[PDB]
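A.B. asks: Input: one structure, supplied below.
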Ligand SMILES: O=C1[C@@H]2C[C@@H]3C[C@H]1C[C@@](O)(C3)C2
Ligand SMILES: [Cl-]
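Here you go:
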């Protein structure tokens with residue numbers, strides 16, 4: 004299996020699925036390094052974020068658990084296609100990159116927060132992460148290049 008993937012069993016349905024413990028991605032099909040990657044993200048901050056402030060909210064007060072619930076809901080909408088990642092990033096990301104549809108540009112290893120970097124470089128081109136935790140908050144990461 005590709006880097007960081009394991010087999011798991013669905014608790015509701017009993018069907019086998021696959022889980023990546025670096026990106027927190029999960030998918031039903033069996034899963035299919037560069038100097039740099041290009042990613043977008045959607046950040047949901049919380050009261051324990053290193054800077055609990057954003058363009059959306061001068062004082063961010065939501066709990067870490069409430070932030071995770073928001074992230075999980077956004078992931079549901081992106082995967083069902085009801086909403087686009089770029090649309091939700093522009094509207095709801097607590098990062099200044101919201102105004103760029105969440106795009107962060109290209110980057111190398113040794114520039115970004117470690118959990119963010121590890122998830123970014125473990126994603127395949129076009130693939131989206133599950134919830135990724137850093138000192139800034141909780142992220143959904145989309146690798147675009
Ligand atoms: O929320 C974030 C902060 C700003 C940039 C995007 C993401 C990860 C990072 O390391 C770089 C810290
Ligand atoms: Cl790839």
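Residue numbers (this note's numbering): 4 to 148.
The C-beta atom is built at its ideal place from N, Cα and C for all residues, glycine as well.
#1: What distance in whole Å lies between the Cβ atoms of residue 139 and residue 45, which are believed to be in contact at a cut-off of 8 Å?
#2: Using a Cβ-Cβ cut-off of 7 Å, state whether residue 38 counts as contacting chain E.
#3: What is the C-beta distance between residue 125 and residue 7, in whole angstroms, given that I count them as a contact (C-beta under 8 Å)?
#4: Out of 61, 81, 84, 96, which has the shortest C-alpha to C-alpha gap to residue 70?
#5: What's the C-alpha gap between residue 113 and residue 39?
#6: How about residue 141 and residue 78: do their beta carbons lie closer than 7 Å?
C.D. replies: On the basis of the data shown:
#1: Incorrect: roughly 12 Å between the Cβ atoms, too far for contact.
#2: Although the question refers to chain E, the structure presented lacks it and comprises just one protein chain.
#3: 5 Å
#4: 96
#5: 11 Å
#6: no
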